[PDB]
Structure formats: structure tokens, C-alpha cells
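Undergrad: Quick one: structure below, then a few questions.
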Amino acid sequence: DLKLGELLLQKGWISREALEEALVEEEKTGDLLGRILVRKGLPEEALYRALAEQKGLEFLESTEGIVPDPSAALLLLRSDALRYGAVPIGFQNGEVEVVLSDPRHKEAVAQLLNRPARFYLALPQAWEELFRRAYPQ
Ligand SMILES: Nc1nc2c(ncn2[C@@H]2O[C@@H]3COP(=O)(O)O[C@H]4[C@@H](O)[C@H](n5cnc6c(=O)[nH]c(N)nc65)O[C@@H]4COP(=O)(O)O[C@H]3[C@H]2O)c(=O)[nH]1
């Protein structure tokens, strides 16, 4: 398994000098690497695509075509969907389909769901739009 920086290098979306500059700053700041890379010019979608591939998630280019299944939304309390950044949207072959806001949460969510699941990753704005449609307040 590759680290995020190596992944982006392999995909040609950052240079080695950009990575080394980010990693030297990270050693001096503690900030998340992806956050530093984006601040320095990496497209945020480049970040999420690499983060998706790293955690074995399907990157969702859009959430606009998704009609959330109310049955699937019941599998998580709204407050949990929010804090875990997970939207269950439907079912496929006996697995629940779940759209995450942060790939670092995949394991915490998968353990909670305790059932076969298919995980997707969406950009922040797209995720929030999907969450509000799935969990009206
Ligand atoms: N939602 C979100 N998740 C993010 C972001 N940036 C990184 N991550 C994810 O969070 C984990 C922790 O990243 P880190 O704190 O910067 O800690 C990283 C970083 O300090 C460092 N390092 C990361 N990439 C490289 C690299 O390419 N070369 C070298 N020498 N060190 C690296 O290794 C540690 C673990 O790397 P990873 O396996 O890739 O594990 C990463 C990665 O899966 C972000 O901006 N948003």
C-alpha cells in the first residue's frame, strides 16, 4: 500500500519537489498532508481521487443523480450519519451502499454497520448535498 504522496506522484498530479516541500512543512506544522498539498495548488478532486483509490473506495464524481433510499437511511441515526460522515443511500446484491465524506472513517463506519457494505467517497459539497437530501432536519 502506497502513502498518499507516493500515490499522487505515481498519478502525475504532484511533482517530487511539491511533495518534498509539503512533507517538510508537515514535519514543521503537523497539518494533514492532503490539506497542505491542496493549499499549495493540488486540485481537491485530485486529492479525493487518490484518497479514494488508497482506501479502496469508489470516487463519486457527482451525488446529484442519487435518490437516497429511505430504507437504507434508517440503518444510521442522522446524528451518526453526520458525525461519521456516512450516508447510506441504497442496497445492491445484499450490500448497503454508503457514501463517505472522509476515507479515514471507512473502518469506523464499516464496524458500526456490521454488514456487507459498498463504500463511495464524495467531495465535501457533494457529500453535504446528499446528506441533507437523505436526512432532512
Ligand atoms: N480526509 C483526508 N485524509 C488525508 C489527507 N491527507 C492524508 N490523509 C489521509 O490520512 C492519513 C494520515 O495522513 P498524515 O497525517 O498527513 O500522515 C501521513 C504523512 O505524514 C506521511 N507521508 C504521507 N505521504 C507520504 C509520502 O509520500 N512520502 C513520505 N516520505 N511520507 C508520507 O505518512 C503518513 C501516513 O500516510 P497515509 O498512508 O497516506 O495516510 C493518510 C492518508 O490516508 C487529507 O487531506 N484529507
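Just so we're on the same page: first chain in the C-alpha cells is A, next is B, and so on; residues restart at 1 for each chain, and ligands are numbered from 1 in the order they show up.
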Neighbours of ligand 1 within 9 Å, counting only C-alpha atoms and all ligand atoms, as a PyMOL selection string?
TA: chain A and resi 1-9+19-20+23+26-27+30-38+44+47-48+51+54-55+101-105
Undergrad: Give me, as a PyMOL selection string, all polymer residues having an atom no more than 12 Å from residue 89 of chain A, counting only C-alpha atoms and skipping those fewer than 6 positions away in the same chain.
TA: chain A and resi 63+65-76+81+95-100+117-120+127+130-135
Undergrad: Pick the closest to residue 56 of chain A from A:41, A:22, A:106, A:136: which is it, counting only C-alpha atoms?
TA: A:106
Undergrad: Using the chain letters and numbers from this document, which residues of segment 17-120 of chain A does DSSP assign to strand (DSSP E or B), as a list in words?
TA: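 So the strand (DSSP E or B) residues in segment 17-120 of chain A would be residues 58, 59, 86, 87, 88, 89, 90, 91, 92, 95, 96, 97, 98, 99, 100, 117, 118, 119 and 120 of chain A.
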Undergrad: Determine the nearest neighbour of residue 110 of chain A from the options A:94, A:43, A:88, A:12, counting only C-alpha atoms.
TA: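 The answer is A:88, which sits nearest to residue 110 of chain A.
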Undergrad: Just asking: which residues within segment 8-99 of chain A are alpha helix (DSSP H) according to DSSP, as JSON, numbers by chain?
TA: {"A": [8, 9, 10, 11, 16, 17, 18, 19, 20, 21, 22, 23, 24, 25, 26, 27, 28, 29, 33, 34, 35, 36, 37, 38, 39, 44, 45, 46, 47, 48, 49, 50, 51, 52, 53, 54, 70, 71, 72, 73, 78, 79, 80, 81, 82, 83, 84]}
Undergrad: Output N, CA and C atoms for every residue in that selection, as a compact mmCIF listing (two decimals), in the first residue's frame.
TA:
# COMPACT_ATOMS: atom_id res chain seq x y z
N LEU A 8 -0.05 10.16 -5.40
CA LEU A 8 -0.18 11.33 -6.26
C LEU A 8 1.02 11.47 -7.19
N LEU A 9 2.22 11.15 -6.70
CA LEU A 9 3.41 11.15 -7.56
C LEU A 9 3.23 10.16 -8.70
N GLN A 10 2.80 8.94 -8.37
CA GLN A 10 2.58 7.91 -9.38
C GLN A 10 1.52 8.33 -10.39
N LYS A 11 0.54 9.11 -9.96
CA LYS A 11 -0.50 9.57 -10.88
C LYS A 11 -0.12 10.83 -11.64
N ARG A 16 7.82 15.87 -7.45
CA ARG A 16 8.55 15.44 -6.26
C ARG A 16 8.93 16.63 -5.39
N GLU A 17 9.27 17.76 -6.01
CA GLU A 17 9.59 18.95 -5.23
C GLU A 17 8.36 19.46 -4.48
N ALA A 18 7.18 19.43 -5.11
CA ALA A 18 5.96 19.81 -4.41
C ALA A 18 5.68 18.88 -3.24
N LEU A 19 5.89 17.58 -3.42
CA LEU A 19 5.72 16.64 -2.32
C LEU A 19 6.74 16.91 -1.21
N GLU A 20 8.00 17.11 -1.58
CA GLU A 20 9.02 17.32 -0.54
C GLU A 20 8.78 18.62 0.21
N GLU A 21 8.38 19.68 -0.51
CA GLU A 21 8.01 20.92 0.15
C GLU A 21 6.84 20.70 1.11
N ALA A 22 5.83 19.94 0.69
CA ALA A 22 4.69 19.68 1.57
C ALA A 22 5.10 18.86 2.78
N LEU A 23 5.93 17.83 2.57
CA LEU A 23 6.34 16.97 3.67
C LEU A 23 7.26 17.69 4.66
N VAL A 24 8.09 18.61 4.18
CA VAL A 24 8.92 19.38 5.10
C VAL A 24 8.05 20.32 5.93
N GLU A 25 7.08 20.97 5.29
CA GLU A 25 6.13 21.80 6.03
C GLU A 25 5.34 20.96 7.02
N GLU A 26 4.90 19.77 6.61
CA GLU A 26 4.10 18.94 7.51
C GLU A 26 4.89 18.57 8.75
N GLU A 27 6.17 18.22 8.58
CA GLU A 27 7.03 17.97 9.74
C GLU A 27 7.11 19.20 10.63
N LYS A 28 6.99 20.39 10.05
CA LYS A 28 7.03 21.62 10.83
C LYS A 28 5.66 22.10 11.29
N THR A 29 4.56 21.50 10.82
CA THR A 29 3.25 22.05 11.17
C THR A 29 2.30 21.02 11.77
N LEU A 33 -1.36 16.01 5.25
CA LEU A 33 -0.59 16.19 4.01
C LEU A 33 -1.48 16.68 2.88
N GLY A 34 -2.61 16.01 2.67
CA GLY A 34 -3.54 16.45 1.63
C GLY A 34 -3.96 17.89 1.79
N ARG A 35 -4.19 18.33 3.03
CA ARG A 35 -4.53 19.73 3.25
C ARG A 35 -3.42 20.65 2.77
N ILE A 36 -2.16 20.28 3.05
CA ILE A 36 -1.03 21.10 2.64
C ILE A 36 -0.89 21.09 1.12
N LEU A 37 -1.02 19.92 0.51
CA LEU A 37 -0.90 19.82 -0.95
C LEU A 37 -1.94 20.70 -1.64
N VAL A 38 -3.19 20.66 -1.15
CA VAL A 38 -4.26 21.45 -1.75
C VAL A 38 -4.00 22.93 -1.56
N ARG A 39 -3.58 23.34 -0.35
CA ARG A 39 -3.23 24.74 -0.13
C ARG A 39 -2.17 25.23 -1.11
N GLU A 44 -8.41 19.82 -5.23
CA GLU A 44 -9.01 19.00 -4.18
C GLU A 44 -9.58 17.69 -4.74
N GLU A 45 -10.07 17.70 -5.99
CA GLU A 45 -10.57 16.46 -6.57
C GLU A 45 -9.44 15.49 -6.85
N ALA A 46 -8.26 15.99 -7.21
CA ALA A 46 -7.10 15.11 -7.31
C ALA A 46 -6.83 14.42 -5.98
N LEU A 47 -6.91 15.19 -4.89
CA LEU A 47 -6.73 14.63 -3.55
C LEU A 47 -7.75 13.54 -3.26
N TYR A 48 -9.04 13.81 -3.52
CA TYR A 48 -10.05 12.83 -3.14
C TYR A 48 -9.97 11.59 -4.02
N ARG A 49 -9.61 11.74 -5.30
CA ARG A 49 -9.46 10.57 -6.16
C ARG A 49 -8.35 9.65 -5.65
N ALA A 50 -7.19 10.22 -5.28
CA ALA A 50 -6.11 9.40 -4.74
C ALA A 50 -6.48 8.80 -3.39
N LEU A 51 -7.12 9.59 -2.52
CA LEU A 51 -7.56 9.07 -1.22
C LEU A 51 -8.57 7.94 -1.39
N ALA A 52 -9.44 8.06 -2.40
CA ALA A 52 -10.40 7.00 -2.70
C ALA A 52 -9.69 5.72 -3.10
N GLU A 53 -8.77 5.81 -4.06
CA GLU A 53 -8.03 4.63 -4.50
C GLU A 53 -7.20 4.02 -3.37
N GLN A 54 -6.69 4.85 -2.46
CA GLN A 54 -5.88 4.33 -1.36
C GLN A 54 -6.71 3.47 -0.40
N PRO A 70 -35.03 5.65 1.49
CA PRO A 70 -35.34 5.84 2.92
C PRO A 70 -35.08 4.61 3.77
N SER A 71 -35.25 3.41 3.21
CA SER A 71 -34.97 2.18 3.93
C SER A 71 -33.51 2.12 4.37
N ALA A 72 -32.60 2.47 3.48
CA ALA A 72 -31.18 2.41 3.80
C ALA A 72 -30.80 3.49 4.81
N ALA A 73 -31.42 4.67 4.73
CA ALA A 73 -31.08 5.75 5.65
C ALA A 73 -31.39 5.37 7.09
N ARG A 78 -29.51 9.91 12.14
CA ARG A 78 -29.00 11.10 11.47
C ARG A 78 -27.75 11.63 12.17
N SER A 79 -27.77 11.68 13.51
CA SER A 79 -26.62 12.18 14.25
C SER A 79 -25.38 11.34 14.01
N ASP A 80 -25.55 10.04 13.78
CA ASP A 80 -24.42 9.19 13.43
C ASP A 80 -23.97 9.39 11.99
N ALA A 81 -24.93 9.43 11.05
CA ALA A 81 -24.58 9.75 9.67
C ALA A 81 -23.75 11.02 9.59
N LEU A 82 -24.10 12.02 10.40
CA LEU A 82 -23.37 13.29 10.43
C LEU A 82 -21.96 13.10 11.00
N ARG A 83 -21.86 12.59 12.23
CA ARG A 83 -20.55 12.53 12.88
C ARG A 83 -19.61 11.56 12.19
N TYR A 84 -20.12 10.45 11.63
CA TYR A 84 -19.25 9.56 10.87
C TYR A 84 -19.06 10.02 9.42
Undergrad: Identify which of the residues A:126, A:14, A:86, A:57 lies closest to residue 42 of chain A, counting only C-alpha atoms when measuring atom-to-atom distances.
TA: A:14
